[PDB]
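Undergrad: Dumping the structure here so I can ask a few things about it.
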Amino acid sequence: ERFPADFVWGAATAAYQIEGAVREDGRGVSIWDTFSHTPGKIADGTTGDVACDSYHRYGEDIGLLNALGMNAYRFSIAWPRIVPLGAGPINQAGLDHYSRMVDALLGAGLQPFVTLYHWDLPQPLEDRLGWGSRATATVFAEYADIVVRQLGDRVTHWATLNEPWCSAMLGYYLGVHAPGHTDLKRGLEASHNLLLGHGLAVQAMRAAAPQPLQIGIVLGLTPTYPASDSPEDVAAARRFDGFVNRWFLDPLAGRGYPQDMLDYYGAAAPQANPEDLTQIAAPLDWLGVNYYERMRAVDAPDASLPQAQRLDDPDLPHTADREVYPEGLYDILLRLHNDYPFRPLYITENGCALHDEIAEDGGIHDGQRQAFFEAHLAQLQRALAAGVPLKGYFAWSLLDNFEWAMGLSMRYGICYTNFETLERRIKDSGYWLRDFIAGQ
Ligand code: NA
Numbered sequence: 004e005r006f007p008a009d010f011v012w013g014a015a016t017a018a019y020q021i022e023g024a025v026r027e028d029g030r031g032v033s034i035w036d037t038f039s040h041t042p043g044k045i046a047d048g049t050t051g052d053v054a055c056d057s058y059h060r061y062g063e064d065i066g067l068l069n070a071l072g073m074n075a076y077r078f079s080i081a082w083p084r085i086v087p088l089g090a091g092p093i094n095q096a097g098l099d100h101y102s103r104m105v106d107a108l109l110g111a112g113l114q115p116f117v118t119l120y121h122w123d124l125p126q127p128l129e130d131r132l133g134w135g136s137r138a139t140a141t142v143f144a145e146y147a148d149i150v151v152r153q154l155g156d157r158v159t160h161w162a163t164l165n166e167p168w169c170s171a172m173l174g175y176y177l178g179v180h181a182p183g184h185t186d187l188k189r190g191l192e193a194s195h196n197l198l199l200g201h202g203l204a205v206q207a208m209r210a211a212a213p214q215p216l217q218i219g220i221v222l223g224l225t226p227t228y229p230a231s232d233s234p235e236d237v238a239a240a241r242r243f244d245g246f247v248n249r250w251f252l253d254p255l256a257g258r259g260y261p262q263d264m265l266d267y268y269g270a271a272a273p274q275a276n277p278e279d280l281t282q283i284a285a286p287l288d289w290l291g292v293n294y295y296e297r298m299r300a301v302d303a304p305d306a307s308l309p310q311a312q313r314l315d316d317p318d319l320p321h322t323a324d325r326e327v328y329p330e331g332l333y334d335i336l337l338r339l340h341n342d343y344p345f346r347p348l349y350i351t352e353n354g355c356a357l358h359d360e361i362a363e364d365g366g367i368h369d370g371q372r373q374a375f376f377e378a379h380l381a382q383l384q385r386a387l388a389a390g391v392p393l394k395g396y397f398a399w400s401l402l403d404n405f406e407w408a409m410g411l412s413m414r415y416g417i418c419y420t421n422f423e424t425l426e427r428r429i430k431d432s433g434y435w436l437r438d439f440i441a442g443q
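For the sequence shown, position 67 (counting from the first letter as 1) is numbered 70 according to the entry's author numbering, and the numbering increases by one without interruption.
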């Protein structure tokens with residue numbers, strides 16, 4: 004029933020999703036400014052131009068985290084605020100902003116867990132192919148250096164990237180995230196340059212740091228299960244597992260890219276010399292897992308790569324946008340612990356979206372979200388029992404925000420955001436986490 008006395012308890016956000024103030028204090032244009040301002044890309048016509056106004060209202064965010072009894076806050080720094088041209092001079096006003104925010108967090112007893120890259124590539128870099136270019140890896144590392152030099156006296160726990168599978172595949176293969184390209188080959192190239200940027204950044208950060216750091220990367224992992232034991236469905240499960248999970252885990256673990264996937268991708272695979280693989284495998288202090296759903300896979304020979312489609316289970320619960328499968332969190336952690344070298348581990352996102360409203364009494368009665376937390380935290384207890392070296396849990400999200408291609412329409416917060424007034428209110432699931440955490 005109990006977590007470690009020193010366990011990290013937080014909630015998570017990303018800069019473009021919450022900050023607003025997109026032109027303020029020298030901020031440059033990101034690929035998500037471009038993409039959200041492109042008609043038709045966002046479901047509901049919204050942008051991150053205002054979002055939660057957390058650029059001005061991070062004090063209110065800190066107020067929520069305190070009310071919840073949290074001891075940590077996962078958030079991202081916007082590259083466009085720091086190096087507005089992407090490769091070029093720094094913007095001291097950007098760094099001063101996050102400096103003040105860091106001091107405010109520490110003053111409140113909240114450990115900052117900083118993500119350097121949460122999808123907001125400076126547009127001038129995208130103009131030169133973005134993650135399709137190796138040069139972008141080099142300048143990511145330079146950005147990482149600058150940030151750690153200024154803030155690494157106070158922040159020990161850093162993640163280079165958030166969810167490179169999204170940035171590469173949704174951004175450059177499927178076209179549903181910024182920058183919105185639709186080419187497999189470019190998606191795969193982007194994956195390699197993201198990974199190379201990660202590895203270069205780790206090295207740069209260790210050199211630039213004023214004290215030893217605890218550096219990780221954050222991956223979205225989706226445990227995958229064949230719908231039957233047929234060779235066709237099992238192979239479809241392996242292909243999906245490789246496309247999402249092992250493509251990133253293996254090179255990070257020093258195992259190269261998975262050979263099955265290299266053979267499957269054929270001519271679309273990127274050109275990956277041994278020197279790049281050595282850099283990609285730069286030793287980490289921790290690994291973050293973002294966990295939402297499983298994939299129950301059936302073979303789908305006529306679909307695009309990886310030729311595997313989800314077989315829905317209507318007896319399972321569904322949220323606004325996903326199937327619920329808490330057991331998958333235990334499965335993927337047990338696999339990491341036993342099969343891969345990363346440790347310790349943090350759950351850097353876990354949460355759900357629902358059609359939340361303010362009820363007549365003023366509260367938000369999101370029982371399904373409460374039950375979602377309760378069920379996933381039970382699986383974490385099981386994983387801890389099995390010896391998994393788990394050191395923290397961050398709910399996605401602290402508050403409702405701009406949820407990428409779904410816009411403001413898809414509410415993941417444990418706090419409700421009124422996007423007209425910018426008032427935040429804690430949901431019932433938030434109060435449950437508060438009281439659960441206080442018990443711990
Ligand atoms: Na439902």
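Think of the CB as a built atom: it goes at the ideal place given N, C-alpha and C, for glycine as much as any other residue.
(1) Can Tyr415 and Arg427 be called in contact, C-beta distance under 9 Å?
(2) State the Cα-Cα distance for the pair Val391 and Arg77, rounded to the nearest angstrom.
(3) Hey, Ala398 and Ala17 are a contact pair by Cβ (cut 8 Å); roughly how many whole angstroms apart?
(4) If we require 4 or more residues per run, which alpha helix (DSSP H) segments fall completely within the region 170-222?
(5) Let me check you understand the geometry: is the CB of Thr141 closer than 8 Å to at least one non-hydrogen atom of ligand 2?
(6) Just to confirm the assignment, what range does the beta strand (DSSP E) spanning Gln384 have?
(7) Between the Cα of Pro234 and those of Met264, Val301 and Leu224, spot the shortest distance and give me the residue it belongs to.
(8) Three Cβ pairs or more, each shorter than 8 Å: is that satisfied between the region 217-232 and the region 162-182?
(9) Just to check my reading of the structure: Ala81 and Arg152 have Cβ atoms closer than 8 Å, yes? What is that Cβ distance to the nearest angstrom?
(10) Measuring only the C-alpha atoms, how far is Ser400 from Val327?
(11) For the alpha helix (DSSP H) containing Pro273, list its first residue and its last residue.
(12) Ligand 1 and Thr322: does any heavy atom of the ligand fall closer than 8 Å to the residue's C-beta?
(13) From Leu436, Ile429, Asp431 and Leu393, pick the residue whose C-alpha is nearest to that of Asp9; which is it?
(14) Roughly how many angstroms separate the alpha carbons of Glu192 and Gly110, rounded to a whole number?
(15) For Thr281, which of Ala256, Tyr295, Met264 and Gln274 has the nearest alpha-carbon?
(16) Taking only three categories from DSSP, how would you classify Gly51?
(17) Are the region 44-55 and the region 371-391 touching, with three or more C-beta to C-beta distances below 8 Å?
(18) How far does the alpha helix (DSSP H) with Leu337 in it extend, from its first residue to its last?
(19) Quick check: the region 139-146 against the region 83-95, are there 3 or more CB pairs under 8 Å?
(20) Do the region 312-319 and the region 374-382 make contact, defined as three or more Cβ pairs closer than 8 Å?
(21) Over what stretch of residues does the beta strand (DSSP E) that includes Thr118 continue unbroken?
(22) Assuming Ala408 and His180 form a contact by the criterion Cβ under 8 Å, report the distance between their Cβ atoms to the nearest whole angstrom.
(23) Go ahead and label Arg103 buried or exposed: buried means 16 or more other beta carbons lie within 10 angstroms of its beta carbon, across all protein chains shown.
(24) DSSP three-state label for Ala18, please.
(25) Spatial neighbours of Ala271 within its chain, please: CB distance less than 7 Å, with the 5 preceding and 5 following residues excluded, ordered by chain position.
(26) Near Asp279, which residues of its chain fall below 6 Å by C-beta distance, leaving aside the five closest residues on each side in sequence?
(27) Relative to the C-alpha of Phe6, which candidate in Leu383, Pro347 and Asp369 has its C-alpha closest?
(28) Say the cut is 8 Å; is the CB of residue 2 nearer than that to a heavy atom of ligand 1?
(29) Between the region 119-132 and the region 64-74, are three or more C-beta pairs nearer than 8 Å?
(30) Less than 8 Å between the CB atoms is what I'm expecting for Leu425 and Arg60, so what's the real figure, rounded?
TA: Reading from the atomic positions:
(1) Here residue 415 is taken as the residue at index 412 of the sequence shown, counted from 1. Here residue 427 is taken as the residue at index 424 of the sequence shown, counted from 1. Contact: no.
(2) Looking up residue 391 in the sequence shown gives position 388. Looking up residue 77 in the sequence shown gives position 74. Each residue's Cα considered, the two are about 21 Å apart.
(3) Numbered from its first residue, the sequence shown carries residue 398 at position 395. Numbered from its first residue, the sequence shown carries residue 17 at position 14. Going by Cβ atoms, the distance from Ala398 to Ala17 rounds to 14 Å, so no, they are not a contact pair.
(4) 187-211
(5) This structure lacks ligand 2; its bound ligands are ligand 1.
(6) As a working note, residue 384 is residue 381 in the sequence shown. First-last for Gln384: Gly370 to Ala388, but that is the alpha helix (DSSP H), not the beta strand (DSSP E).
(7) Position 231 of the sequence shown, counted from the first residue, corresponds to residue 234. When each option's Cα is compared against that of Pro234, the closest is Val301.
(8) yes
(9) To locate residue 81, count along the sequence shown from 1; it is residue 78. To locate residue 152, count along the sequence shown from 1; it is residue 149. At roughly 17 Å, the Cβ-Cβ gap does not stay under 8 Å, so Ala81 and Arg152 are not in contact.
(10) By 1-based counting over the sequence shown, the position of residue 400 is 397. By 1-based counting over the sequence shown, the position of residue 327 is 324. The straight-line gap from Cα to Cα measures roughly 17 Å.
(11) Start at 1 with the first residue of the sequence shown, and residue 273 comes out as number 270. Where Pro273 is concerned, there is no enclosing alpha helix (DSSP H), given that its DSSP letter is neither H nor E.
(12) For the purposes of this step, residue 322 is taken as residue 319 along the sequence shown, with counting starting at 1. Yes, Cβ of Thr322 sits closer than 8 Å to a heavy atom of ligand 1.
(13) Counting from one through the sequence shown, the residue named residue 9 turns up at place 6. Residue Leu393 is the option with its Cα nearest to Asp9.
(14) One-based indexing of the sequence shown puts residue 192 at position 189. One-based indexing of the sequence shown puts residue 110 at position 107. The straight-line gap from Cα to Cα measures roughly 42 Å.
(15) Residue 281 sits at position 278 when you count from the first residue of the sequence shown. Answer by Cα proximity: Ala256.
(16) Translated into positions along the sequence shown, residue 51 becomes position 48. Coil, per DSSP.
(17) no
(18) In the sequence shown, residue 337 corresponds to position 334, counting from 1. Its alpha helix (DSSP H) spans residues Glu330 to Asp342.
(19) yes
(20) no
(21) Translated into the one-based positions of the sequence shown, residue 118 becomes position 115. Run containing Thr118: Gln114 to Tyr120, per the beta strand (DSSP E) assignment.
(22) Against the sequence shown, residue 408 aligns to sequence position 405. Against the sequence shown, residue 180 aligns to sequence position 177. About 6 Å separates the beta carbon of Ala408 from that of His180, a gap short enough to meet the 8 Å contact definition.
(23) The sequence position of residue 103 within the sequence shown is 100, counting from 1. Answer is exposed; the Cβ neighbour count stays below 16.
(24) Here residue 18 refers to the residue found at position 15 when the sequence shown is read from its first residue. Reduced to three states, the DSSP call for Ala18 is helix.
(25) Mapped onto the sequence shown, residue 271 falls at position 268. Counting only Cβ-Cβ distances below 7 Å, and skipping sequence neighbours, we find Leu187, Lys188 and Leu191.
(26) Translated into positions along the sequence shown, residue 279 becomes position 276. The residues are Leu199.
(27) Reading the sequence shown from its first residue, position 3 is the one you call residue 6. Considering only alpha carbons, the answer is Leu383.
(28) No answer is possible for residue 2: the residues shown for the chain start at 4 and end at 443.
(29) no
(30) The residue labelled residue 425 in the question sits at position 422 within the sequence shown. The residue labelled residue 60 in the question sits at position 57 within the sequence shown. With a contact defined as Cβ atoms closer than 8 Å, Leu425 and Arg60 qualify at about 6 Å.
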